Number of protein chains: 2
Amino acid sequence: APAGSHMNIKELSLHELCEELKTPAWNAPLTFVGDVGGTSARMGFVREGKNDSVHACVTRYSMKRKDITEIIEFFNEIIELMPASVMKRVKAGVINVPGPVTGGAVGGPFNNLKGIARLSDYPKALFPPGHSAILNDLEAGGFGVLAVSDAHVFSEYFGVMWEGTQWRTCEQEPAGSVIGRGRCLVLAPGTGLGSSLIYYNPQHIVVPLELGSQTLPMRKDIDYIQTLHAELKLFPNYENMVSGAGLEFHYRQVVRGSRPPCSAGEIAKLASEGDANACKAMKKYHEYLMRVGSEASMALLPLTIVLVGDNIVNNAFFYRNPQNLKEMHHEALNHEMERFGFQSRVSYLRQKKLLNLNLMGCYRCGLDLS
Amino acid sequence: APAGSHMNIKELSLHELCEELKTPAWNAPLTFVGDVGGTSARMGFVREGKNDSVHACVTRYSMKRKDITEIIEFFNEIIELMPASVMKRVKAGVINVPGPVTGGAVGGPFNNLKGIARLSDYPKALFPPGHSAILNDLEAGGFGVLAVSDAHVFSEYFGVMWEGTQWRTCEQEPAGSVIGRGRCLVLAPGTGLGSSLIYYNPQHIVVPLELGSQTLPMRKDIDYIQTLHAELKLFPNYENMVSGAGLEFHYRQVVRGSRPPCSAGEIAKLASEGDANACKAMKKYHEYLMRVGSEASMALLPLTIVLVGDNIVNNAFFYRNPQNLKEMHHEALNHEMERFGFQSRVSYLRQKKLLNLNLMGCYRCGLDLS
Ligand SMILES: Nc1ncnc2c1ncn2[C@@H]1O[C@H](COP(=O)(O)OP(=O)(O)O)[C@@H](O)[C@H]1O
Ligand SMILES: Nc1ncnc2c1ncn2[C@@H]1O[C@H](COP(=O)(O)OP(=O)(O)O)[C@@H](O)[C@H]1O
Ligand SMILES: OC[C@H]1O[C@@H](O)[C@H](O)[C@@H](O)[C@@H]1O
Ligand SMILES: OC[C@H]1O[C@@H](O)[C@H](O)[C@@H](O)[C@@H]1O
């Protein structure tokens, strides 16, 4: 019932997408959107239905050549098919990319993609000047988190891990029910570690960050961090510990050549099945994710930290174990500033139902942009 | 003759302050302002003159009990002694405090002051309801940096240390002549380490930060950091290395008993006279300030970093020495992410002319609240 709460995202073949857009229901203003990641991209169009409902259909391309410029071919092969009837309806064009974006127009460099995303190189049919942008992925995600809060459906998609000291101080509503009137640190651990701060005051503004790339501070783990360092030939950062390659590293350190190396996916799958080794590796992954959160808790003074992404949803098992959850909490407050209770001010929440926040975010940004 | 470019800040005894406010020039809407430090507070009133000129009149109080609640007594004294005709011109009331502030109404805890700053406990005579705010010190400082920029006199108060790679890419104007359309990170190295991020985008918002309280990551200084740690019985943060107490530590470590201990002030004075030990101490302090800078250049993606405060202007001798500057620049770039050029994107600037940024920010903000 609540306005904006119906959010449908359907993935189709390019042909099916094209046929879908010819149906009478899609004779409306179109926003082109693209959630471009390291390995795949979902590109498509979004319209607003009845009851402020959000209707999206996208096609997934593979980022095989690992080159952010590749997507220009995608845009072009899309413009190749679609009828003029459809193309005239495009009112805005917004994409997100997995790297730092400046001026909303130049993205990169990327850790795992070649090149630089350039809005000025994109086809104006999909990217109308004055109504177009490149967002960073977690910037897109933050607009998405905002959109979900505005559609009154926050507790449908996010679960409370633990409510911090400060929420009671400034919120009339229950935690997890709305984004809240306070800063929101949005974290997404996957291939990389994304972070964005939704800042609030006289009201919500999404500010892109790169916390993952900060040098990782040693606590009582000089040896662990020096092992990774000799492997990477670099001073480890947070992402090195909290990413796919991170989880794989933790797993290797646990088994010590007693079992074959597994991918991030395999390790998590093993953990969901109660494998001791994989569970140990997941705890370490999560120990360092709580270190990201403890320091950002100090540095950014957020009201809430919200963990997002398919990996979070899919890892629900890890978070629902009350023992895992107690130890993460303990880790989240393991900072010298906690003596003043800064780490305990913060409420942690985790995405609990699947939803492409990034596309919701491009669409929303696309509204603002026209 | 540029608009807003006259900024006079007169510090007077309270009686002179009272007399001043009686003069025809001060019959005008007033903002009560207060720049409340850990050792003293300048509190008074600001008005706008011809050509958007800014005229502030403040009095100094010593923070004698080291208690933030003590300022309420100062507020009351000020009301007691002020003419009632003056009190009715008060449109807004804004102070800043050396600590994090939530909801613009509750401030602290503080490093060297007891208690908590409560807007609700302040007299409405000086803080009119709905027109009043407690700012963090660098929050205020950030607004003051904006004030200077809008007044077209950025180049009068700030000097370019080095222009980053990104400036010429998005800025027609010379580095140092404008704030710039891009994030500005303000750092105020004093008794503590202040930080605030001036974010930009359709326009400028000031986001308070607590970067100094983050755990200091070890590079090749495990032993140095462990030495500090054993003295503090805390894992060191940035502010432990880059503060008054940090500078004193750096000096003690240089001299190794061969010389009596000196205060931060004594050490910078010795440095200005060319003492070798104090210059070494000052080099180490600025090495850690550069680590603050290289990590936050990554994390916050600023276009510019701006070192502010009396200390900074007063230490100009340190920044003008070309070997020191070159050393600082190399240090600002000593990060693993510089292989992607992130640290070299950033332009560094330092305040080169004395100016109470905090009071200017309290005023700028009090314009928003009235
Ligand atoms: N259950 C899991 N938990 C943690 N990490 C995972 C899991 N499954 C996969 N990963 C890692 O995360 C990556 C996918 O994360 P995702 O956010 O979906 O996409 P990307 O980060 O590539 O845009 C995988 O390539 C793998 O390295
Ligand atoms: N030239 C200097 N360089 C660095 N630090 C200094 C210098 N002179 C004094 N200090 C230290 O800085 C602090 C005062 O700085 P300031 O920012 O003006 O005030 P506060 O931070 O106490 O509000 C004191 O702790 C003092 O010991
Ligand atoms: O994809 C998540 C994150 O991975 C990081 O390595 C990139 O630098 C970020 O910009 C991105 O948000
Ligand atoms: O006074 C400068 C800084 O000192 C720090 O220790 C405080 O926590 C900050 O809020 C403040 O900006």
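Naming: A, B, ... by sequence-line order, numbering from 1 per chain.
Contact between B:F340 and A:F110 at its shortest, heavy atoms only, is CE2-O, 4.4 Å.
For a residue to count as touching a neighbouring chain, one of its non-hydrogen atoms must lie under 4.5 Å from one of that chain's; by this rule A:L303 does not touch chain B. When heavy atoms are compared at a cutoff of 4.5 Å, A:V101 does not approach chain B at all. For A:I225, no part lies near chain B; criterion is any non-hydrogen pair under 4.5 Å. Both the backbone and the side chain of A:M298 come within less than 4.5 Å of a heavy atom in chain B. Only the side chain of A:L301 comes within contact range of chain B, with heavy atoms under 4.5 Å apart. Residue A:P202 does not touch chain B at all, counting heavy-atom pairs closer than 4.5 Å.
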Which donor-acceptor pairs sit under 3.5 Å apart between chain B and chain A?
unit_1	atom_1	unit_2	atom_2	d
B:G108	O	A:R345	NH2	3.2
B:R183	NH2	A:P208	O	2.5
B:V206	O	A:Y199	OH	3.4
B:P208	O	A:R183	NH1	3.4
B:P208	O	A:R183	NH2	2.6
B:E210	N	A:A299	O	2.8
B:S213	O	A:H335	NE2	3.3
B:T215	N	A:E295	OE1	2.9
B:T215	OG1	A:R219	NH2	3.1
B:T215	OG1	A:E295	OE1	3.3
B:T215	OG1	A:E295	OE2	2.9
B:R219	NH1	A:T215	OG1	3.4
B:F235	N	A:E336	OE2	2.9
B:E295	OE1	A:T215	N	2.9
B:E295	OE1	A:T215	OG1	3.0
B:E295	OE2	A:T215	OG1	2.4
B:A299	O	A:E210	N	2.9
B:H335	NE2	A:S213	O	3.4
B:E336	OE2	A:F235	N	2.9
B:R345	NH2	A:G108	O	2.9

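The candidate from B:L211, B:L234, B:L197 with the greatest count of non-hydrogen atom pairs under 4.5 Å with chain A is B:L234.
No side-chain heavy atom of A:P217 sits under 4.5 Å from any side-chain heavy atom of B:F235.
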